[PDB]
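Heads up: the structure comes next, in structure tokens.
Cβ atoms come from the backbone with ideal geometry, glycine included; neighbour counts cover every protein chain shown. Just so it is clear, none of the values below were taken in a lab; they were calculated from the coordinates.
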There are 2 protein chains.
Amino acid sequence: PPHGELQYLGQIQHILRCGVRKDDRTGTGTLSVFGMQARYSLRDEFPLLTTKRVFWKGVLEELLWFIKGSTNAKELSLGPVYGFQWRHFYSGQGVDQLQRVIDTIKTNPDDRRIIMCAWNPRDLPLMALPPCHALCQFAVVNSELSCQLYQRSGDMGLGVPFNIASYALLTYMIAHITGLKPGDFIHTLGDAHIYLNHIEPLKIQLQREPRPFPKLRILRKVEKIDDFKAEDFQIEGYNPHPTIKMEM
Amino acid sequence: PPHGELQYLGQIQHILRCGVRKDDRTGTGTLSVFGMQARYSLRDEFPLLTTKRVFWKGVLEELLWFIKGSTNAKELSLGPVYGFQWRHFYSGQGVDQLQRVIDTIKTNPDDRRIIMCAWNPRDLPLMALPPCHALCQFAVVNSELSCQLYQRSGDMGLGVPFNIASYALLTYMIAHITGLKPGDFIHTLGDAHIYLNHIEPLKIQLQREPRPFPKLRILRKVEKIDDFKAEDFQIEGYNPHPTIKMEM
């Protein structure tokens with residue numbers, strides 16, 4: 001059974017070899033491939049990448065922050081996830097996308113419309129009816145919860161490993177409170193890119209052999225999504241390669 | 001160079017072998033796999049499937065209908081594409097998603113937010129802020145136009161082959177008027193399903209060897225998307241296997 005992280009590394013390799021030079025908002029330069037998909041199992045393991053050390057504490061903390069509120073920075077002393085509108089559009093108003101996902105899983109697990117979206121908030125004033133940055137779809141199969149993230153653009157070096165962990169964490173959480181087991185996290189990209197100043201670091205990360213994924217234990221029975229605390233979570237068996245500093 | 005249709009057939013096979021039984025709105029029953037992606041080249045060929053005869057005339061005609069108007073059935077004497085809100089939300093009002101896609105391709109081809117969405121209109125009254133059925137993203141790379149369709153659910157037997165043709169047609173059109181060449185059509189599915197009464201027909205279609213994809217010639221220089229007519233298009237070299245009647 002081949003390590004799931006191999007998909008990520010294969011994507012890095014593919015973009016390095018077959019990717020096209022393309023500019024972005026910062027005119028900084030990237031290598032880009034359009035359209036990609038990776039599938040990561042959540043069954044008895046958690047896809048926190050091991051070919052470099054991923055900042056798990058920031059993942060967890062930023063996720064909890066998104067889940068409860070909140071339009072005010074620093075307070076987690078604009079990210080790659082963008083969950084400002086997950087709860088609101090502030091107490092008990094707008095559409096609560098996350099709670100609605102949870103409720104649908106319980107009232108109709110076969111539903112094909114179990115979807116939550118996130119926007120880049122720089123888009124909001126820019127234009128009428130701005131396209132989201134990320135579309136998140138959940139599916140239930142045989143008491144298993146799976147999640148697919150579609151991102152219109154993914155930063156492969158910095159953003160992607162972090163997002164894989166974020167959404168897998170989200171899935172574990174929702175599974176936990178809906179009484180399901182986590183299944184797969186499917187990661188789909190539009191513009192999948194590597195910034196030029198990340199090319200050398202990533203070429204080196206490619207040489208590294210992934211270690212077995214760790215486990216994620218939830219230590220307490222939680223009934224509501226808003227009740228989760230950082231201390232409710234434990235990462236067992238994370239044995240990663242050293243940190244790689246990617247500059248941005 | 002392996003035939004692109006092989007991806008579709010591989011997906012059918014995979015769902016038959018490894019798919020899970022799941023009900024739907026009609027409680028009719030399907031085999032489902034969650035999360036799939038196929039990539040079809042549009043370079044000097046057009047992905048009109050050959051292991052059965054796809055209703056090309058309906059593809060073309062339904063697409064043109066979506067492009068100009070229109071909220072009134074029969075008039076193409078609710079589909080699997082769902083393009084009712086592509087132009088409107090009626091002359092010169094609401095947001096014109098399609099024209100905006102066209103304009104962005106011309107004003108900023110590197111843009112990562114070149115996205116159009118379609119809704120199932122049965123969802124519209126059902127709830128506030130309904131999730132779309134399909135998200136369509138365009139990307140430009142080296143004078144090439146590529147398109148990725150994300151569908152929250154795809155009917156593999158009937159809807160999918162038709163949609164592959166529809167969106168590839170759309171891409172050829174937009175390429176033509178933006179002065180680009182078609183690149184790839186990437187097809188991504190959430191719930192990818194086969195209805196149980198389609199299992200036998202599809203098992204038979206699996207045995208068929210695809211023939212080379214045909215070409216799509218555009219016969220006239222067209223400047224605006226609204227100007228395209230059915231007669232502007234020609235399918236050269238379509239040599240498919242016989243029609244398979246899938247009942248629904």
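Can you bin chain B into rounded, prolate or oblate? Criterion: square roots of the alpha carbon gyration tensor eigenvalues sorted a ≥ b ≥ c, rounded for a/c under 1.5, prolate for a/b above b/c, oblate for the rest.
Because a/c hits 1.5 or more and a/b fails to exceed b/c, chain B counts as oblate.
Where the centre of each part is set by its Cα atoms, how far does the range B:11-88 sit from the range A:162-229, in angstrom?
About 31 Å separates the Cα centre of the range B:11-88 from the one of the range A:162-229.
State the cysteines of chain A left without a partner when partners are defined as other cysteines whose beta carbon lies under 4.7 Å away.
By the Cβ distance rule, which asks for a partner under 4.7 Å, the isolated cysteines are A:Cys18, A:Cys136, A:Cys147.
Apply 1/(1 + (r/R0)^6) to the Cβ-Cβ distance of A:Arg122 and A:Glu209, taking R0 = 30 Å, and write down the FRET efficiency to the nearest 0.05.
Efficiency at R0 = 30 Å is approximately 0.20.
Given a Förster distance of 60 angstrom, what is the FRET efficiency for B:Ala73 paired with A:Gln93, based on the Cβ-Cβ distance and rounded to 0.05?
The formula returns an efficiency of 0.95 here.
Under the Karplus relation 6.51 cos²θ - 1.76 cosθ + 1.60, θ = phi - 60°, what is the ordered set of whole-Hz ³J(HN,Hα) values for the range A:200-210, x standing for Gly and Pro?
Result, rounded to whole Hz: 4, x, 5, 4, 6, 4, 4, 6, 7, 8, x.
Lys and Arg at +1, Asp and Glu at -1: add these up for the other residues within a Cβ distance under 14 Å of B:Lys106 and post the number. Mind showing how you got there, number by number?
On the way: positive: B:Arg100, B:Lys224; negative: B:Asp103, B:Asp110, B:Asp111, B:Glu223.
Neighbour charge sum, excluding B:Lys106 itself: -2.
To one decimal in nm, how far is A:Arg43 from the same spot in the other copies, if labels go 7 Å from Cα toward Cβ? Please give the shortest first.
3.7
So which trypsin sites (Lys or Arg not before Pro) in the range A:98-190 end up in coil per DSSP with only 15 or fewer other C-beta atoms within 10 Å?
Working: sites: A:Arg100, A:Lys106, A:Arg112, A:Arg113, A:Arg122, A:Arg152; in loops: A:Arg112, A:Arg113, A:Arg122.
Those satisfying the criteria are A:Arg122.
What is the spin-label model distance, in nm, from A:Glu200 to B:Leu196 if the labels are put 7 Å beyond Cα along the C-beta direction?
6.2 nm
Sorted from shortest, what are the nm distances separating the label point of B:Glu75 from equivalent points in the other copies, each placed 7 Å from Cα along Cα to C-beta?
Copy-to-copy label distances at B:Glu75, shortest first: 4.7 nm.
Can you say what percent of the DSSP beta bridges in chain A, counting only those with both residues inside, are antiparallel? Round to 5.
75 percent
One decimal, nm, shortest first: give the distances between the label point of A:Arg211 and those of the same position in the other copies, each label point 7 Å from Cα along Cα→Cβ.
Label point to label point, same position, other copies: 5.7 nm.
Hey, which residue of B has the C-beta nearest the axis mapping B onto A, and what's the distance in Å?
Residue and rounded Å distance to the axis: B:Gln37, 2.
For every helix of n ≥ 4 consecutive DSSP H residues, a contribution of -39,500 (n - 2.57) applies; sum these over chain B, divide by its total residues, and give [θ] at 222 nm rounded to the nearest 500 deg cm²/dmol.
Dividing the helical sum by the residues of chain B leaves -8500 deg cm²/dmol.
Enter the per residue convex hull volume of the range B:1-54, computed from alpha-carbon coordinates, in Å³ rounded to the nearest integer.
123 Å³
Just for the protein assembly as shown, what percent of DSSP beta bridges are antiparallel, to the closest 5?
75 percent
To the nearest 20 Debye, how big is the dipole of chain A about its Cα centre, given +1 on the beta carbon of each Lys and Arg and -1 on that of each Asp and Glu?
Roughly 240 debye for chain A.
Which loop GluC sites (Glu not before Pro) in the range B:176-248, with loop taken from DSSP, have no more than 14 other Cβ atoms within 10 angstrom of their Cβ? Mind showing how you got there, number by number?
Numbers: sites: B:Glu223, B:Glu231, B:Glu236, B:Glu247; in loops: B:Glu223, B:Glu247.
Here the sparse-neighbourhood loop sites are B:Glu223, B:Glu247.
Can you give me the convex hull volume of the Cα atoms of the range A:89-201, divided per residue and expressed in Å³?
In the range A:89-201, the Cα hull volume divided by residue count equals 136 Å³.
How about the range B:169-248: which trypsin sites (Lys or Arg not before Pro) there are in a DSSP loop, with at most 14 other Cβ atoms within 10 Å of their Cβ?
Within the range B:169-248, the qualifying trypsin sites (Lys or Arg not before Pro) (loop, at most 14 other Cβ atoms within 10 Å) are B:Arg220, B:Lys221, B:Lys224, B:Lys229, B:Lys245.
Computed over the Cα atoms of the protein assembly as shown, what is the ratio Rg over Rh, Rh following Kirkwood?
Rg/Rh for the protein assembly as shown comes to 0.95.
Under 11 Å from the Cβ of A:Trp119, count the other residues' Cβ atoms, weight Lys and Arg +1, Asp and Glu -1, and hand me the total.
+2
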